[PDB]
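All remarks here apply to the structure that follows.
In order of appearance the chains are A, B, C, D, E, F and G, and numbering begins at 1 in each one.
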Amino acid sequence: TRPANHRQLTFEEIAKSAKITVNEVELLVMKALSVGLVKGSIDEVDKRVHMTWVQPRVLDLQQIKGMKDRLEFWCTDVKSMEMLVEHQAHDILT
Amino acid sequence: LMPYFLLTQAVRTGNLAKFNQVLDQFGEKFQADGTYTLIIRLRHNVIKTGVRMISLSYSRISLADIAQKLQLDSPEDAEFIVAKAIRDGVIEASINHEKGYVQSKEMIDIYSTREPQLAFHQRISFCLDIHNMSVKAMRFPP
Amino acid sequence: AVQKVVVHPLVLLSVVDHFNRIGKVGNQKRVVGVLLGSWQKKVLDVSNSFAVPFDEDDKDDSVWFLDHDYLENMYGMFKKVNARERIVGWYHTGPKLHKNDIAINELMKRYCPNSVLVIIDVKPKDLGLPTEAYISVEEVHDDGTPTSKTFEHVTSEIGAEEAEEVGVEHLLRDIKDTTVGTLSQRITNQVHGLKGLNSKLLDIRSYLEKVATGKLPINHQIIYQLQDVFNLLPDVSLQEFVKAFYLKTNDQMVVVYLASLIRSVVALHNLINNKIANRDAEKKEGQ
Amino acid sequence: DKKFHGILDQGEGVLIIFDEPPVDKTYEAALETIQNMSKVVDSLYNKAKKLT
Amino acid sequence: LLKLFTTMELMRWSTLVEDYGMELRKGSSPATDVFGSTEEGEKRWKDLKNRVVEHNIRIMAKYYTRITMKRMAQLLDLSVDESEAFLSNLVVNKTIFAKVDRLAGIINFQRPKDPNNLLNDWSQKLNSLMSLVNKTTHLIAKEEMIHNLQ
Amino acid sequence: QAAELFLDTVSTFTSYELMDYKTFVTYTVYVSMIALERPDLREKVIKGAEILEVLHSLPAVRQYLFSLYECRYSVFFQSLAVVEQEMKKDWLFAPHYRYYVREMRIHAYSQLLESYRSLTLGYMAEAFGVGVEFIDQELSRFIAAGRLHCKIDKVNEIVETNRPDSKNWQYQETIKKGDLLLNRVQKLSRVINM
Amino acid sequence: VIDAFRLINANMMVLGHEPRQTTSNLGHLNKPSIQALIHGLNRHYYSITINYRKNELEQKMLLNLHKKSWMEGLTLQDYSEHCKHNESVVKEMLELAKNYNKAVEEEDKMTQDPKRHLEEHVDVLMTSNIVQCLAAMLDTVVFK
C-alpha cells in the first residue's frame, strides 16, 4: 500500500499493525526478508524499515482501480513533460 | 585618493574622532568630487562595518559581547543595530534574544545545490553569445 | 520453449510483397505463409519465408483451407536450394488474431514441434516492431482456472545477415540517418523516447480501465508485472539522491562551461584572422 | 602530517576518522586548460590589438 | 542444528543452548567427544559460541544498515565491550565491513555511497522499469487481442 | 624568493663581506619559516645538514624553528617574541618585523587548526600559553582579515573549522579564473567586433 | 556491385552501327568498370542501367531493422563511465590547448591540426554532457 515516496515503515507503525510490541518487529522483518516476502533493510537506530520491494500477489477490482488512478497521474505527467520538451526544442528536432 | 585612504583608515579603525578630523581636513576635495550625503551615510555604514566584521569573524557571539566589541552603549542598542543589519542583509544571519545571542546561518556545502548550476549557466550563455557574435561578425568583403 | 525470435529484413519484405500481390489480385484480410529458420539455443532465426495458398470463411470463423501439400512441396524445394533452413513456424499478415490461429498452429506443429506464429503487420507503425511472436502453450493453469489451448507472447527482434545489411543500407541510403549522435538527433531521440513511454502508459491505462469496468478478466501475470513496475518506481525527492544529482549536474555543467569557453576563444581567433585578412586584402587593393 | 584521513574534535572529545574523496581530476584539467586559454587570449591580444 | 546454521536468520545463542545443550554436550544416542567436558570440549564450546556470533554478525551485515551497540549486545549475547571487541577483530581481519560510531554506538554496515553508485542504481531502476513496462504492454496487447476476440 | 635563494646558497656561502655565516643562517631560517610549507620546511631546514650544524652553535634560532616544527606553541610564541625584538633591531629586516610576526602568528594558528574540526578556545589558549581574550582577539582579527579558515563561537567558547572541501575549493578557483579569463575575452571581443 | 547485361549481335557491331540506339540522355551517367572493359564490356554485350523500385511501406519496414527503441532513447549512460570519459577527453583537450597555444604563438611570431582537434573534442564533450544532463532531467520529471 505505501507508495515509493515514503516506503520508510516505522517500528511504531508495525506495532499499531499486527499486534506486537517494538522489541520483535526486528525479528519479524528479518523473517520476512529471509523468506523473500520483501526486500530492503532495517535502520533500527532511527527505528524504521526501508522496503524496496514486495512479492506481488493477486488483487481486487478496487486495488486495480487505484492502480488505474496512479497511472492516470503518471500519464498526465509524462504528457506534460513531452509537450514541454517538444515545444522548447521545436527548432532543432530532426 | 589619499583623502579617501585616510577616510578608509578611519572607518576601519572605527574611530569617530579620526573620521571627523579627516572629514574636516578634506572637506574641500569632497565639495569638488561630491560625496557629503554619501560621506554621512558613511558614518551609518561605519557602525554597519563594525557589525559586519563581527558577524564575519563569529558564529554565535552574544549581544553583550557585540555591544562591548562595537563600543555601543547597551546590549539593547546592539540588538537594534544587528537586527537592522539582518534586515538590510549586510551580515545575513539570524538572532535570538531568549539567551541574547546572534546566531549565524548554518553554512551549507555550496556545491550540492543549484548555485554552481546557475553560475555555470550564466557563464555558458555568455560564452555561447560571444561565439555567436564572433561568427556573425565574420565578414567576406567581395 | 523459445526465449527469443529474430526476424530478418528478407522475411519482412517477402511478407509485405506477398500481402501486396494477394490484395492486388483479390481482396483478403490476411495472407498466410511458412517461416523458415534455424535454432541457436532458444533463439529462433527466421531467415526466410514463403506464402501458401489459404482462404477461409470470415463468417464461420472455423473453416479454412491452408494447403499442406503446397507447404511440403515448397519446403522441399527450399531445402534443395538451402539446407540449413527447416520449417520453424508460420506467419499471417493480420493485425489481430482469429479463432483459426490455434487450429492452424496445431496444423503447423506437425511440421515443427515448437511452431511459432509471427504476425507481421504490413500496416507500418511508428513505435514498435512490425512483428509479434506467439507460441502455443497448453498447460494446467496453476491459477486453478479452466485451461484452454491459447497463445503466449514471445520476445521478438529484427536482425540481419551481413548480405542483407548491405541491401538494406543501399535501399535506405537516401533517407538514412547518421550513424552518430548529433546533438539535434539525440534530443529528437529523447523526445521519441518520451512519446513511446507515453503511448505504452496509455495502453496500460486503457487495459486497466477495461479490466476494472469488467469487459476483460483480471490477468494475473499482467497484474504481477504492473505491481513490480510500481514497486520499481524510484524516489527522486530523497535528500541523499538530490544531493548526488546536483553534484553530478554541476560536474557536467562545468565540463560544458569549459567546452563553451574554448569554443568561444577559438571563434574569436578565427575572427581575428578574418579581420587581419580583410585588412591585408583592402590595403593591397588600395595599393 | 597526513598519516591518516581523520580530524580531531575538541568539543565532544572525539576523533572523526573518515575517507577523503579523491581529488577530482576533471577540475584540475579544467583549471590548467583555463590558464592555457588565458595565455592564448593574451597571444590573441598581442596579435589583434597590435595589428589592427 | 544444521538447519539453523544454514538458515539466513538470527539464532539466539541463549535459546540454542537451552534447546541443544543436553543433546550435544551431556549426551542422551551418545554424546560425541567434540563438545565433551574437558579442555578440548569447553574450548570447542567457546568456538561454537564464536561461530554463532559470526553467523549473527553476518546476518546483521546482510539485513541492517545502522544497528545500535545497545541492541547488538543483547541480540548477540555479549556485553557491549565484548561485542565491540569481536566486531573490531572481524573488521581488522577484513571479514565484516562495519564502522562503529563509538561515541553514539551507531554501528553502521552501510558502505560509503559514491554519487556515481547512487545515480547508477537509479538508472538501473529506470532501465528495468522501462523494460518491464514494455513487457507488460506486450502481454496486455496479447490479452486484449485474445479475449476481445471471444 | 629570499628563501629560495638562501636555501640554494646555504651550503656554499662565500660572501663573508655582507655577514658572517651565522647571521646568514639565521636569515635563512627566518625566511624559510615564513615562506616554506611544513613538508618543504622539514625536508630543507629541519633535515638540513649545514643548517643543523650552525644551529648547534645558535641555540635560540634552533629553539624557534623546532618549536614551530614540533607543534610546541608556547615556546614558539616565546621564540617569536625574541625574534621580533632581534629583527626590529636588525637593519635589513627592520621594516618587516610587524608583518613577519603577524604572518608567523597566522602560520601557527593555521597549523594548530589544520588537525582539528572544533577547537575550544581554552585549549587553544593553554596550547599557545596565553589567555582566552588574547586568542579570541587574534582569531577574530585574522578571520576578519580572511587569513584563517575558522569561525569563533563565544557564547560557548569553541572555534569551529570551516575549511573548504577539495571540490568546493576547485569550484571557487574555477569561478575566479573563469571570471578573469571571461573579462579578458569580453574586452577583446568588444575591441575587435567594432 | 551489381550489373545487368545483354549481348550484342555479332552482325551489328561489324556493320559499324552502334550496339544500342541513343535517343535520350538517360542511360548514360554510368562509368563502365575497367574490369568489364578488359573483359569486353561493349564488344560482346552492354551494361543496362539498374534502377530500384522502392515503396514507402518497404522503406519503413527496412528502417525497422535498426530503428532504435524508446527505451534506448530515454536511457542514461553509465555514470561512472561518463565521468571517466569526460575526464579523459578533458585531459586530451588540455594537451591540445597547450599545443594550440604554442602553435598560435609561434605562427604569430614568425608572421590547423591543434585547432581542429580541439574543436572536435569540444564538440563531443558538449554533445555528450548536454545529452546526459537533459536525459537525467527528463527522467526525474517523467518517472515521478
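Throughout what follows, contacts are C-beta pairs under 8 Å (C-beta built on N, C-alpha and C of every residue); 3 or more make two chains touch, one makes a residue touch a chain.
Listed by label, the chains that touch chain A and also chain E are C, G. Considering the contact criterion stated above, the chains in touch with chain C and with chain F alike are B, D. A centroid comparison over C-alpha atoms places F as the chain most distant from chain C.
Looking at contacts between chains, the pair that accounts for the most C-beta pairs is C-G. The centroid of the Cα atoms in chain D and the matching centroid in chain G are 42 Å apart. Averaged C-alpha coordinates give centres for chain B and chain F that are 28 Å from one another. Centroid to centroid, with C-alpha atoms defining each point, chain B and chain G lie 60 Å apart.
Between chain A and chain B the centroid-to-centroid distance comes to 49 Å (mean Cα coordinates, whole Å).
Annotation for chain E: residues touching 2 or more other chains are 115, 119, 126, 129-130, 134. In chain A, the residues that touch at least two other chains are 5, 78, 81, 85. In chain D, the residues that touch at least two other chains are 24, 26-27, 30, 33-34, 37, 40-41, 44, 47-48, 52. Touching pairs of chains, sorted by label, consist of A-C, A-E, A-G, B-C, B-F, C-D, C-E, C-F, C-G, D-E, D-F, D-G, E-G.
Across the interface of their complex, chain G is touched by residues 9, 12-13, 16, 122, 124, 127, 129-130, 158, 160, 165, 168, 171-172, 175, 181-183, 186-187, 189-197, 200, 233-237, 245, 248-249, 251-253, 255-256, 258-260, 262-263, 266, 269 of chain C. Per the touch definition, chain F reaches chain C in the complex via residues 167, 171, 174, 178, 181-182, 185, 188-189, 192-193.
In the complex of the two chains, the chain E residues touching chain G come out as 115-117, 119-120, 123, 126-127, 129-131, 134.
Those residues of chain E lying in contact with chain A across their complex are 7-10, 59, 63-68, 71, 75, 106. Listing the residues of chain G that touch chain C in their complex gives 52, 54, 57-65, 67-75, 79, 83, 86, 90, 93, 97, 104, 115, 118-119, 122, 125-136, 138, 140, 142-144.
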